[PDB]
Amino acid sequence: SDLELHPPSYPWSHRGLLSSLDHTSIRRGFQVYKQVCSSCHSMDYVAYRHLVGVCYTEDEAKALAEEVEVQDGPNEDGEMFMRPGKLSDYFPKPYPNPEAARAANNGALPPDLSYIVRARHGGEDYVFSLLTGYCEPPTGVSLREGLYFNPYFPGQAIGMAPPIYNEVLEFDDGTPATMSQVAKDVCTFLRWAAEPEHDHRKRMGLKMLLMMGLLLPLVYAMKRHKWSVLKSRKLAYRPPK
Amino acid sequence: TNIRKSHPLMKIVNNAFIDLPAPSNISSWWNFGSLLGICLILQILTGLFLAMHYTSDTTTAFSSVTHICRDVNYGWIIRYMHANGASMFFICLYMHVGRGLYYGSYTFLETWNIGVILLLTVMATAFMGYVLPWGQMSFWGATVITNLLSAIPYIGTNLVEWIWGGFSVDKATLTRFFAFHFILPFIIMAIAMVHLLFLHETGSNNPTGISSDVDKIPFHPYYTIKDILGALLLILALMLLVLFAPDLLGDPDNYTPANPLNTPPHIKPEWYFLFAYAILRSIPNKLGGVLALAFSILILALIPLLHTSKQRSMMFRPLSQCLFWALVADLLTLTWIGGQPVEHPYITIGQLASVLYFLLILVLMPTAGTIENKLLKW
Amino acid sequence: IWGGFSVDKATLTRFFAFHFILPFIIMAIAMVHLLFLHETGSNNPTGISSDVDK
Amino acid sequence: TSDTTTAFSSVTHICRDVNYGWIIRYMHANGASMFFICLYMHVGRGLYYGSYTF
Amino acid sequence: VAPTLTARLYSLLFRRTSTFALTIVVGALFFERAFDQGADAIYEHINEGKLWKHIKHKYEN
Amino acid sequence: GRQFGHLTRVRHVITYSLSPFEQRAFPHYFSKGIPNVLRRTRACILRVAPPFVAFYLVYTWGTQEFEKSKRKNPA
Amino acid sequence: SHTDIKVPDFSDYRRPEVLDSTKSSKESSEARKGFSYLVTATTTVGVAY
Amino acid sequence: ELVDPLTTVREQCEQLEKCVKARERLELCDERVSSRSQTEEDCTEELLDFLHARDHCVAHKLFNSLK
Ligand SMILES: CCCCCCCCCCCCCCCCCC(=O)OC[C@H](COP(=O)(O)OCCN)OC(=O)CCCCCCCCCCCCC
Ligand SMILES: CCCCCCCCCCCCCC(=O)OC[C@H](COP(=O)([O-])OCC[N+](C)(C)C)OC(=O)CCCCCCCCCCCCC
Ligand code: HEC
Ligand code: HEM
Ligand code: HEM
Ligand code: HEM
Ligand SMILES: CO/C=C(/C(=O)OC)c1ccccc1Oc1cc(Oc2ccccc2C#N)ncn1
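Protein chains in written order, with the UniProt record's numbering: chain A, 85 to 325; chain B, 2 to 379; chain C, 164 to 217; chain D, 56 to 109; chain E, 2 to 62; chain F, 2 to 76; chain G, 79 to 127; chain H, 25 to 91.
Written out as structure tokens, the structure is:
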């Protein structure tokens with residue numbers, strides 16, 4: 085029941101009706117999730133194989149999967165064990181369950197990020213504004229320790245410390261890792277994470293518009309063709325007198 | 002003589018879609034009959050292809066839906082067709098019903114009352130479909146609505162706990178809703194055939210409300226091509242939502258798994274239930290809200306009994322036309338109020354619009370038809 | 164038909180969907196089964212027409 | 056439930072925990088057999104008595 | 002002037018219903034490739050440098 | 002059902018019809034069409050417009066009164 | 079009296095090839111039929127895709 | 025150490041007509057609540073109005089400098 089601040093509309097390059105994601109920004113955004121976000125936030129519905137042919141090669145994505153260890157088994161002795169990741173493994177969860185997560189984050193629960201852009205009003209506009217929107221509390225607002233003022237978060241008191249800042253990571257292609265850059269790239273990747281079908285539906289959408297622009301007037305013409313018998317018919321009444 | 006007329010199978014198709022005498026002047030508002038038939042078929046095909054991958058268990062109901070949109074080949078296009086097809090279903094239903102009020106088609110009692118049964122079973126179908134993905138709104142939408150049944154006197158809790166299979170919306174509630182969401186669309190299609198059985202006994206009404214037996218045309222080719230064109234516009238409207246805005250009509254909360262402990266801030270239905278959600282919350286009493294909520298749709302069965310005009314269609318009745326669009330705008334007000342929190346001044350507006358709804362249908366519109374009779378001196 | 168390379172998870176789920184849809188398709192065909200029957204009426208043990216005794 | 060991890064046990068859950076689930080299941084399994092008894096009598100009646108001429 | 006193209010299209014292809022169908026199924030074969038080829042060329046042009054097939058050459062080996 | 006030849010009784014009415022392959026499917030589409038659409042809207046605008054304008058006024062007021070009700074005052 | 083029944087004038091509706099009452103309609107029958115059937119063929123080619 | 029384009033263009037939005045008007049209404053609140061330290065009024069309302077006008081200008085110009 086607090087005051088609300090809605091996010092403005094940033095001109096993302098995938099905003100337009102026919103505009104695809106920027107796959108170089110996807111690539112950079114994955115690096116932000118891995119290096120910064122993955123230590124508190126799960127992404128239970130994205131696997132390394134989904135990256136192949138989107139932002140990494142198959143060989144690149146294989147090497148990326150092999151950089152982490154995941155549990156497998158049982159072996160013939162009934163024991164679980166660790167092996168290098170493969171393309172089919174989902175991204176490692178940072179906590180076994182939400183109760184462990186709350187204990188590690190002063191009682192707050194970092195949500196899964198697989199769908200975060202679709203599960204919050206304002207999508208990437210909201211996420212971009214939250215990460216880049218921290219500021220000092222207004223006069224008369226005193227938040228208890230553990231919580232952080234953020235005017236875009238409901239209630240204005242959020243349990244996540246500001247997670248990004250200048251030079252938080254280095255990009256593989258040399259892009260300056262400014263706070264706004266990091267926010268922009270991670271938001272683009274999260275859009276892809278929540279809607280991997282994004283680019284393909286717009287390609288389909290274009291074909292649907294073109295086919296409709298052809299088929300609608302032709303079918304209309306067929307309707308008028310048949311109906312012309314009726315639309316130009318003339319009547320006359322000749323009763324006996 | 003003619004194979005199309007004498008064969009036991011083709012004569013039913015012939016006397017329904019080919020040689021049926023139809024009025025020469027039925028307008029675009031008569032296209033929604035076939036479009037509802039297409040939506041029902043379209044929802045069954047996509048619905049079936051989703052059932053080849055969906056599982057009706059809480060531990061995997063949410064993720065099986067995720068599994069479709071990500072891993073299954075063209076699963077994402079099949080799902081959003083199903084979710085948006087339901088909305089197109091309700092667009093057509095409301096045009097279909099509004100056409101019947103304006104033009105007087107409700108005078109076909111058997112056709113109309115079976116239509117009311119079709120509206121109720123389609124609403125019950127979509128209500129149970131929204132539970133299956135098991136998101137936040139899926140759970141809490143099911144909770145607030147099913148809890149209304151506890152307000153029935155002396156059998157409330159026993160009836161609610163029987164529909165739940167326990168003490169709340171839980172595993173047993175999710176599974177049976179899938180079974181009921183599966184069986185009902187076929188029961189709907191059978192009732193839609195009886196809906197046509199009673200219709201063909203009389204033929205279609207027309208915009209004037211005057212009999213068209215003096216001027217009939219065969220349904221083929223004139224209305225086969227007109228329904229095909231109308232169906233093509235339906236696919237345009239559907240695919241624009243599927244391929245450019247598949248999340249416009251849906252709520253973001255449903256992209257979060259169910260949580261019996263954490264409640265979302267604003268629990269709002271889909272757009273095609275907001276008008277009835279507003280009527281529910283505008284009544285303070287609980288049992289009174291259920292009766293008004295059920296009377297909001299069952300009132301349609303009373304329209305034939307409340308017809309006072311010597312004329313059938315509103316085409317020649319200006320004073321009734323104004324009250325008709327007052328009913329639409331008042332329903333567009335309840336829709337708007339339904340998607341807003343229960344706070345000042347929306348509380349008062351929702352109560353005024355709720356009374357105006359039942360006052361327009363029960364009192365004002367019948368009175369206008371009588372005034373219109375006097376002005377014409379009969 | 165399998166949805167893979169053997170009888171697996173995808174095969175089990177679609178069989179449930181097909182096992183659900185078919186009995187209603189069956190019942191509709193059983194109505195057409197009666198439509199063609201009533202066009203002639205029933206046979207009888209003798210194979211002789213029974214129009215003289217119905 | 057139509058998932059391998061619970062398809063077998065959901066059937067077990069019916070015969071044990073669900074009220075009169077065991078009577079509903081065996082009716083379904085044996086009803087299928089009665090279905091095929093009747094189908095084979097129904098077809099055999101048609102061969103013997105010549106009903107296939109329809 | 003010889004008869005118009007639509008006149009020679011009728012007598013040669015559309016008069017018989019069988020050739021009318023053969024015209025359509027053959028016209029559907031070439032239309033699909035020509036439309037998919039052209040339509041994809043419009044989608045990629047509007048999204049130049051953003052799709053994976055544009056940045057593919059950078060990670061060859 | 003109802004069949005042609007059993008519908009009703011008509012007398013002394015002649016109907017002239019042209020084949021669709023000898024007439025235009027869009028005869029004077031913009032010449033006569035646009036004047037007829039203005040006529041059709043003008044003849045019904047006073048029946049349909051007021052209630053949706055009345056909604057637009059209630060929609061605008063109620064949304065303004067809603068925001069200004071939660072904003073603080075010097076009290 | 080039925081000899082008084084003249085057919086009304088459809089000049090506002092006739093296609094350009096059918097305006098002259100002194101020219102045979104066979105000269106344009108193939109072109110007129112070809113156009114409306116080309117519309118039908120192209121429509122089926124679209125739905126087929 | 026680095027030049028974040030956010031903070032640089034933020035200062036370009038702050039020096040606009042509609043933004044400075046919202047700042048002094050907040051500074052008037054910063055002076056109102058600090059004076060009498062016996063109340064529970066907060067200046068959240070005057071801040072979000074300033075952020076609403078500022079960040080609207082930020083979104084229009086920010087993405088031209090990033091990759
Ligand atoms: C219960 C569910 C509630 C859900 C709320 C949904 C939000 C509603 C959004 C409003 C959209 C409005 C649709 C467009 C209306 C166009 C009307 C029109 O063009 O003009 C009036 C027309 C006049 O035509 P006549 O036949 O009288 O004479 C013609 C001679 N040339 O007269 C007609 O053509 C009118 C025919 C009837 C149209 C039906 C539309 C209303 C839909 C909801 C009705 C629900 C009833 C319970
Ligand atoms: C297993 C693999 C099998 C693959 C087989 C592929 C075959 C593809 C189609 C080819 C068949 C053509 C048949 C034909 O051509 O004969 C249909 C009819 C004729 O046309 P006509 O009247 O000009 O007479 C024609 C007069 N002549 C012949 C003298 C010019 O065509 C029409 O009329 C109807 C056309 C309208 C199209 C829309 C119908 C679809 C339903 C609605 C869609 C939208 C919502 C679902
Ligand atoms: C621990 C050091 C974290 C890091 C690193 C990241 N996040 Fe986080 N996040 C964390 C907590 C404890 C919470 C819960 C806050 C609460 O009060 O509930 C969150 C929450 C989020 C959210 C959800 C906001 C909402 O509207 O509910 C988002 C969108 C989010 N966090 C984003 C995010 C991103 C993009 C990160 C990498 C740059 C990231 N977080 C890192 C804890 C931690
Ligand atoms: C699954 C739901 C439904 C389907 C598929 C359906 C289908 C149809 C069809 C095809 C027609 C004939 C064509 C037409 O008039 O457009 C028709 C007519 C009609 N329907 Fe429905 N209908 C449904 C529900 C309803 C409802 C909810 C109502 C009203 C409460 C209703 C009332 C009528 C009436 C009165 C007619 C006759 C209209 C006339 O002759 O002018 N139907 N319906
Ligand atoms: C009148 C017909 C139908 C209507 C109106 C309807 C409506 C809906 C709606 C609105 C949803 C919610 C979808 C979402 O939010 O993602 C849904 C879910 C679902 N429906 Fe239907 N449906 C119909 C027919 C069917 C049929 C016949 C089947 C099975 C054969 C089916 C299977 C499903 C499944 C599996 C889901 C869950 C998957 C999902 O959420 O996308 N539906 N239904
Ligand atoms: C779901 C499956 C079926 C149902 C519900 C069904 C039902 C019926 C019913 C009620 C009758 C009329 C009463 C009677 O003759 O006993 C009948 C007659 C008949 N059925 Fe079926 N039937 C089915 C399948 C079959 C099959 C598999 C065959 C043969 C391959 C068949 C062939 C016939 C014939 C020839 C008759 C006419 C018998 C006569 O008039 O003497 N039916 N069926
Ligand atoms: C399971 O909840 C489904 C919902 C939905 O909108 O599904 C399409 C829903 C979501 C949030 C809140 C409530 C919800 O369900 C409903 C259901 C509903 O059903 C009716 C519709 C018309 C008339 C009466 C009723 C009732 N009862 N009227 C309003 N909201």
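Cβ coordinates follow ideal geometry from the N, Cα and C atoms, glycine included.
Checklist entry - To the nearest whole angstrom, what separates the beta carbons of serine 102 of chain G and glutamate 95 of chain G, a pair I think is in contact under 8 Å? => result To locate residue 102 of chain G, count along the seventh sequence from 1; it is residue 24. To locate residue 95 of chain G, count along the seventh sequence from 1; it is residue 17. In this structure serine 102 of chain G does not touch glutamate 95 of chain G by the C-beta definition: roughly 10 Å separates them, more than the 8 Å allowed.
Checklist entry - Using a threshold of 7 Å, is the CB atom of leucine 301 of chain B nearer than that to any non-hydrogen atom of ligand 4? => result The residue labelled residue 301 of chain B in the question sits at position 300 within the second sequence. True, at least one ligand heavy atom lies under 7 Å from that Cβ.
Checklist entry - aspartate 156 of chain A lies in the beta strand (DSSP E); which residues open and close that run? => result By one-based count along the first sequence, residue 156 of chain A stands at place 72. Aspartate 156 of chain A -> beta strand (DSSP E) spans 153 to 156.
Next on the checklist: Does the CB of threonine 56 of chain D have a neighbour CB from chain B at under 8 Å?
Outcome noted: For this step, residue 56 of chain D is matched to residue 1 along the fourth sequence. Yes, because at least one Cβ of chain B sits closer than 8 Å to the Cβ of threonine 56 of chain D.
Item to check | Secondary structure of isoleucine 156 of chain B, DSSP reduced to three states | outcome: Indexing the second sequence from 1 puts residue 156 of chain B at position 155. Here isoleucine 156 of chain B sits in coil by DSSP.
Checklist entry - Can you find a heavy atom of ligand 2 that lies under 7 Å from the Cβ of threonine 120 of chain G? => result Counted from its first residue, the seventh sequence places residue 120 of chain G at position 42. Flag unset: Cβ of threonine 120 of chain G not near ligand 2.
Checklist entry - With distances taken from each beta carbon to the nearest heavy atom of ligand 1, which residues come in below 6 Å, in chain order? => result Listed by chain position, these are B/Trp30, B/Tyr95, B/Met96, B/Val98, B/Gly99, B/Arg100, B/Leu102, B/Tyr103, B/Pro208, B/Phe276, B/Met316, B/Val329, B/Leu332, B/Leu333, B/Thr336, F/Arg41, F/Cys45, F/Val49.
Item to check | Extent of the continuous beta strand (DSSP E) run through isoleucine 248 of chain A | outcome: Here residue 248 of chain A refers to the residue found at position 164 when the first sequence is read from its first residue. Element bounds for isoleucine 248 of chain A: n/a, residue is neither H nor E.
Item to check | Backbone CA spacing between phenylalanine 36 of chain E and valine 27 of chain E [nearest angstrom] | outcome: Counted from its first residue, the fifth sequence places residue 36 of chain E at position 35. Counted from its first residue, the fifth sequence places residue 27 of chain E at position 26. Looking at the two C-alpha atoms, the distance is approximately 14 Å.
Checklist entry - Within the present structure, is the beta-carbon of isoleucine 189 of chain C separated from the nearest heavy atom of ligand 6 by less than 7 Å? => result What you label residue 189 of chain C is simply residue 26 of the third sequence in a count that begins at 1. Residue side-chain check: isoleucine 189 of chain C places its Cβ nearer than 7 Å to a non-hydrogen atom of ligand 6.
Checklist entry - Count the other CB atoms within 10 Å of the CB of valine 54 of chain F; is the residue buried (16 or more) or exposed (fewer)? => result For the purposes of this step, residue 54 of chain F is taken as the residue at position 53 of the sixth sequence. Classification for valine 54 of chain F: exposed.
Checklist entry - Considering only residues of the same chain and omitting the five flanking positions on each side of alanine 125 of chain B, which have a CB-CB separation below 7 Å? => result Within the second sequence, residue 125 of chain B is the residue found at index 124, counting from 1. The residues are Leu185.
Checklist entry - Rounded to the nearest angstrom, how far is the Cβ of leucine 237 of chain B from that of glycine 289 of chain A, given a contact under 8 Å? => result The sequence position of residue 237 of chain B within the second sequence is 236, counting from 1. The sequence position of residue 289 of chain A within the first sequence is 205, counting from 1. With a beta-carbon spacing of about 11 Å, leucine 237 of chain B and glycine 289 of chain A fall beyond the 8 Å limit used to define contacts.
Checklist entry - Using the beta-carbon of each residue, which ones in chain F are nearer than 8 Å to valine 313 of chain A? => result Against the first sequence, residue 313 of chain A aligns to sequence position 229. Within 8 Å Cβ-Cβ: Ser18, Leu19, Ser20, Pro21.
Item to check | Positions along the segment 40 to 63 of chain H whose CB lies within less than 9 Å of some CB in chain A | outcome: Within the segment 40 to 63 of chain H, the residues whose Cβ lies closer than 9 Å to some Cβ of chain A are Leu50, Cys53, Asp54, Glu55, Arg56, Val57, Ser58, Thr63, listed in chain order.
Checklist entry - Are there 16 or more other CB atoms within 10 angstroms of the CB of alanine 180 of chain B, so buried, or fewer, so exposed? => result Numbered from 1 along the second sequence, position 179 holds the residue referred to as residue 180 of chain B. Its Cβ having fewer than 16 others within 10 Å, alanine 180 of chain B is exposed.
Checklist entry - If you draw a straight line from the C-alpha of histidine 29 of chain F to the C-alpha of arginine 41 of chain F, how long is it? => result Here residue 29 of chain F corresponds to residue number 28 of the sixth sequence, with the count starting at 1. Here residue 41 of chain F corresponds to residue number 40 of the sixth sequence, with the count starting at 1. Going by the C-alpha atoms only, they are around 17 Å apart.
Next on the checklist: So with CB distances below 9 Å, who are the chain E contacts of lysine 111 of chain G?
Outcome noted: The count along the seventh sequence starts at 1 and reaches residue 111 of chain G at position 33. Result: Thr7, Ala8, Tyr11, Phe15, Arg16.
Checklist entry - Beta carbon of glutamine 44 of chain B: closer than 7 Å to some heavy atom of ligand 5? => result Counted from its first residue, the second sequence places residue 44 of chain B at position 43. Yes; taking the cut-off as 7 Å, the Cβ of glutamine 44 of chain B has a heavy atom of ligand 5 nearer than that.
Checklist entry - Looking at the structure shown, is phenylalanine 165 of chain A part of a helix, part of a strand, or coil, going by DSSP? => result Locating residue 165 of chain A in the first sequence gives position 81, counting from the first residue. Secondary structure of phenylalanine 165 of chain A (DSSP, three-state): strand.
Next on the checklist: Counting C-beta neighbours from all protein chains within 10 Å, is the total for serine 213 of chain B 16 or more, i.e. buried, or is it exposed?
Outcome noted: As a first step, residue 213 of chain B is located in the second sequence; it is residue number 212 there, counting from the start. Burial call: buried.
Item to check | Supposed contact pair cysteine 67 of chain H and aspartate 54 of chain H - C-beta distance, whole angstroms, cut 8 Å | outcome: Stepping through the eighth sequence from its first residue, residue 54 of chain H is reached at position 30. Stepping through the eighth sequence from its first residue, residue 67 of chain H is reached at position 43. Right, their Cβ atoms sit about 6 Å apart.
Next on the checklist: Quick check: is the beta carbon of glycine 28 of chain E nearer than 8 Å to any beta carbon in chain G?
Outcome noted: Translated into the one-based positions of the fifth sequence, residue 28 of chain E becomes position 27. Taking Cβ atoms only, chain G reaches closer than 8 Å to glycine 28 of chain E, which makes this a yes.
Checklist entry - Does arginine 228 of chain A get closer than 8 Å to chain F when you measure Cβ to Cβ? => result By 1-based counting over the first sequence, the position of residue 228 of chain A is 144. It does not: the Cβ of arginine 228 of chain A has no partner Cβ on chain F nearer than 8 Å.
Next on the checklist: Residues of chain F with CB closer than 9 Å to the CB of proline 270 of chain B, please, in chain order.
Outcome noted: Your numbering for residue 270 of chain B matches position 269 in the second sequence. For the C-beta of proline 270 of chain B, not a single chain F residue is nearer than 9 Å; the gap to the nearest is close to 19 Å.
Next on the checklist: Using CA atoms only, rank isn't needed, just tell me which of F/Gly34, F/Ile46, F/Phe27, F/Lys69 is closest to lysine 307 of chain A.
Outcome noted: Within the first sequence, residue 307 of chain A is the residue found at index 223, counting from 1. The candidate whose alpha carbon is nearest that of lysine 307 of chain A is F/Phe27.
Item to check | Cutoff 6 Å; reference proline 168 of chain A; Cβ partners in own chain excluding five residues on either side | outcome: The sequence position of residue 168 of chain A within the first sequence is 84, counting from 1. Only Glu150 meet the Cβ criterion.
Item to check | Alpha-carbon spacing of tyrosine 273 of chain B relative to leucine 87 of chain A, whole angstroms | outcome: Counted from its first residue, the second sequence places residue 273 of chain B at position 272. Counted from its first residue, the first sequence places residue 87 of chain A at position 3. Distance between the alpha carbons of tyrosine 273 of chain B and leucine 87 of chain A is about 29 Å.
Item to check | Host alpha helix (DSSP H) of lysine 42 of chain H (start-end) | outcome: In the eighth sequence, residue 42 of chain H corresponds to position 18, counting from 1. Segment 41 to 59, the alpha helix (DSSP H) holding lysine 42 of chain H.
Next on the checklist: Can you pull the chain D neighbours of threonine 176 of chain B, defined as C-beta to C-beta under 9 Å?
Outcome noted: Within the second sequence, residue 176 of chain B is the residue found at index 175, counting from 1. Listed along the chain, the chain D residues whose CB falls inside 9 Å of the CB of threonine 176 of chain B are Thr56, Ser65.
Checklist entry - Does DSSP classify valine 26 of chain E as helix, strand or coil? => result Taking the fifth sequence and counting its residues from 1, one reaches residue 26 of chain E at position 25. Secondary structure of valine 26 of chain E (DSSP, three-state): helix.
Next on the checklist: Given this structure, state the Cα-to-Cα distance separating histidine 125 of chain A from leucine 135 of chain A, to the nearest angstrom.
Outcome noted: For the purposes of this step, residue 125 of chain A is taken as the residue at position 41 of the first sequence. For the purposes of this step, residue 135 of chain A is taken as the residue at position 51 of the first sequence. Taking C-alpha positions only, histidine 125 of chain A is separated from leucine 135 of chain A by approximately 19 Å.
Next on the checklist: Shorter than 7 Å, the distance from the beta carbon of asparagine 48 of chain E to the closest heavy atom of ligand 5, or not?
Outcome noted: Here the question's residue 48 of chain E lines up with position 47 in the fifth sequence. Incorrect: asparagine 48 of chain E has no Cβ contact closer than 7 Å to ligand 5.
Next on the checklist: Cβ closer than 8 Å: which chain G residues qualify as neighbours of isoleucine 25 of chain E?
Outcome noted: In the fifth sequence, counting from the first residue as 1, residue 25 of chain E sits at position 24. Neighbours of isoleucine 25 of chain E on chain G, chain order: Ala119, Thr122, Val123, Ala126.
Item to check | Local Cβ density within 10 Å of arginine 275 of chain A, reported as buried at 16 or more and exposed below that | outcome: Position 191 of the first sequence, counted from the start, is the residue given in the question as residue 275 of chain A. With 16 or more Cβ atoms within 10 Å of its Cβ, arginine 275 of chain A is classed as buried.
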